[PDB]
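All remarks here apply to the structure that follows.
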Amino acid sequence: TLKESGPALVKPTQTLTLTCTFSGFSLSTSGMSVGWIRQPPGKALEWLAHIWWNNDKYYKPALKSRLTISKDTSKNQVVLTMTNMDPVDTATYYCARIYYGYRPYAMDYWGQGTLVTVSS
Amino acid sequence: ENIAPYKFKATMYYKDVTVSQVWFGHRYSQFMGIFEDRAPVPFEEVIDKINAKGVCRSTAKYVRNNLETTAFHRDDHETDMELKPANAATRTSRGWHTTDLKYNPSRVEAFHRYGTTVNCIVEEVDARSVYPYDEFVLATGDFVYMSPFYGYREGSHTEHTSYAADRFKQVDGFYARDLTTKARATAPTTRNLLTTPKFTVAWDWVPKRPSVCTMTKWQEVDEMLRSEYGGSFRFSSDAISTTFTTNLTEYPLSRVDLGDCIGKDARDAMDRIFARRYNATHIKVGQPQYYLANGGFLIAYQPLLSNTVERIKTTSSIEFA
Amino acid sequence: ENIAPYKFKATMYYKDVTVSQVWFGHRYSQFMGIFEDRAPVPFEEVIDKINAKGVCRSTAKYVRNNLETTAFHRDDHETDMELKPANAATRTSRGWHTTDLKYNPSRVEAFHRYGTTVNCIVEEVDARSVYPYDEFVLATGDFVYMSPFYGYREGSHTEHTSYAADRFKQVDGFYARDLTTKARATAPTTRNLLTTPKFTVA
Amino acid sequence: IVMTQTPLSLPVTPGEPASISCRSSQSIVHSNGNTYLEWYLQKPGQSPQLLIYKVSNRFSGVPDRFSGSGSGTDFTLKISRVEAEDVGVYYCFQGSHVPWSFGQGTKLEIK
Amino acid sequence: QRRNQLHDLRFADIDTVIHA
């Protein structure tokens, strides 16, 4: 199971740090990957980033300069950071687990998601 | 038996860092030492600079002897340098480099002076691997202690590696931009990049099971008569004048280590031959069978009727057959 | 099919230039580096010095890494040193060297000292080449990227050469003088001399 | 790879079949020789769940009603017998080539 | 060795001398 967590209100033009806590896997196994996806209210799913067990971070090229995904296996968590927040960034963020390491299907186990509004 | 190595093209990105110490006498100049080192090119520099912009930094930052060393070409500030094609050599693969002359310090009277030359060199090399494919060597005689098939997808991360996992980066969806034509390829590939202590190697990743073949198609026999005698099968070919002897039992192909290739190749060659010669007169009888013959030969056999886990070791001598 | 390489006798003239930096402590001396290089012997020194007089200069003046390097044996003035036969080894070819000991700097207290040793070496080696004979190796495993047959006479200049034409000199009518017997041969031969960046092959 | 899902809204009466198509700017065939296309279903106030993976394979927990098909750049989810429970937004996602993306999604409505 | 000894011929200039 995965559980995303982050400030529910961030003012525009600031960095937002989130955190995803795991259960049933640690991000040090041979093929485990954890991904962050946002979904603006009423819009389709927008993939953001995903990190493998070996600190191999992949981003969305549009948002690459702003997204920074880090993995801390001591606390068994993943931190997603996204700077210079804009009101368009108001969305529900989901932390997912990717079995591309093991199975040909990604994003099996999603968290409940955390809704963030970018406003002052 | 496939004695031939698994061969594939790789690309070595490394920076030749030459620090020369020169002593300038009154009437002469003498080299008092020439430290030559090979630095790996970082992933952020292979992806962002070399593959995209076709350039390379004028500095090498690398870990040598448990130290973080940074070498500046010509001892000046870091600048992006274009990769030019190497001087032509006979029977030599493609290569590029940034710098063409070794920098050596300017003369000063009676003083030892140190001068750094960083040449970013990118060479297309042939890399080869032998079973169990847990290591592969590049054409430059450098061994790389990772399986060629190491990756991220569908159990391709349990393949052997001898480096820390921070030294490997499989850039999925990679658009190769040739350094000569300056043209970006359209079809994406999975690019493995390993940064060894001396260099960085990049190769297009392929799954291990369909890429290796512990047996090798040696002969395609149009007419291989099969007979049973003395509780054994004799497969005689008049075309190559060769007779093999097998046990009456089929050889379970699952027992061949890395053996998905044998079935595919056998079926392809067999269907091609059937279309070419036997379509108009014979019909296939059942699914292809596999037998093991003395000396270590794996015979895939397709019977015809007229309309009317281990490694197999193969002998080097056929003259018994 | 001739799978056997074309084999011939070549002779490598090169000067082993070893510069060593030594640090002398209170009770001890420590090597802080040993730069070893192999310098080619110039044609003027293979024809006029080694072949004619049987001696070799005690200095190497060569081009290394785009610089005119000049090394003096024992860091003294230039002297002509006799080529003496090398110590015998089993199943080895003939070889000659001038110097027999490595020069390392004299002791001084708590100072880094550099010492240069130039050992002129002449070694007769087997050289071998395979088709298309556009390069050949020596017994020392050094490759020479030039056809064995490159020369001056009647189409023997279109053969492959990967070196500048300033690096090759075919001394026609060459009188070989053995460095052991100290006797000059009577029959002249065409001698090719290639000065590679690291050695000279004749 | 750009995924465009069509239509954006698909009202279907219960019991009738439904077809959803989404295309990719370029081929989603991977170097493996396997296409990594996944269909996802987000219900109101719920996290998305994978429905169909590798184009023509159904993830465990998904009824036989869903079935995927297609190749190259054209892919189609197909529900033989749409039920009331199928209400939600449907997404097609390419995992073969980085970067990954979802389709614009289709909202299924029951008439 | 055949490829490694070509290294200075390919990715360098053997002949040039710079003096100043």
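Indices start at 1 and increase along the chain as displayed.
Cβ atoms here come from the backbone N, Cα and C positions, even for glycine.
Pulled from Swiss-Prot:
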- B:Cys56-B:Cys120: disulfide bond (DISULFID)
- B:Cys213-B:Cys261: disulfide bond (DISULFID)
- B:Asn247: N-linked glycosylation site (CARBOHYD)
- B:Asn279: N-linked glycosylation site (CARBOHYD)
- B:22-28: region 'Involved in fusion and/or binding to host membrane' (REGION)
- B:107-114: region 'Involved in fusion and/or binding to host membrane' (REGION)
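This view paints the features noted in Swiss-Prot onto the structure.
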residue	record	DSSP class
B:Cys56	disulfide bond	strand
B:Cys120	disulfide bond	strand
B:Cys213	disulfide bond	coil
B:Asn247	N-linked glycosylation site	strand
B:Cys261	disulfide bond	helix
B:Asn279	N-linked glycosylation site	coil
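Secondary structure of the region 'Involved in fusion and/or binding to host membrane' (B:22-28) per DSSP (helix as H, G, I; strand as E, B; remaining residues coil): 0 helix, 3 strand, 4 coil. Residue counts for the region 'Involved in fusion and/or binding to host membrane' (B:107-114) under DSSP, split into helix (H, G, I), strand (E, B) and coil, are 0 helix, 3 strand, 5 coil. Counting only residues at least six positions away in the same chain, the Cβ atoms of B:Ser232, B:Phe233, B:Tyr291, B:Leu292 sit under 8 Å from the Cβ of B:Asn247 (N-linked glycosylation site). Each residue contributes its Cα atom, and for B:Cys213 (disulfide bond) and B:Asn279 (N-linked glycosylation site) those atoms are 29 Å apart. Between the CA atoms of B:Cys261 (disulfide bond) and B:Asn279 (N-linked glycosylation site) there is a gap of 25 Å, rounded to the nearest whole number. Distance from the CA of B:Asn279 (N-linked glycosylation site) to the CA of B:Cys120 (disulfide bond) is 58 Å.
Summarising the environment of B:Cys213 (disulfide bond), the number of other Cβ atoms within 10 Å of its Cβ, over all protein chains shown, is 19. All protein chains included, B:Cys56 (disulfide bond) registers 28 other Cβ atoms within 10 Å of its own Cβ.
Take the disulfide-bonded residues B:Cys120, B:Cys261: by the count of other Cβ atoms within 10 Å of each Cβ, the lowest one is B:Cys261.
Each residue contributes its Cα atom, and for B:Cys56 (disulfide bond) and B:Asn279 (N-linked glycosylation site) these two points are 59 Å apart.
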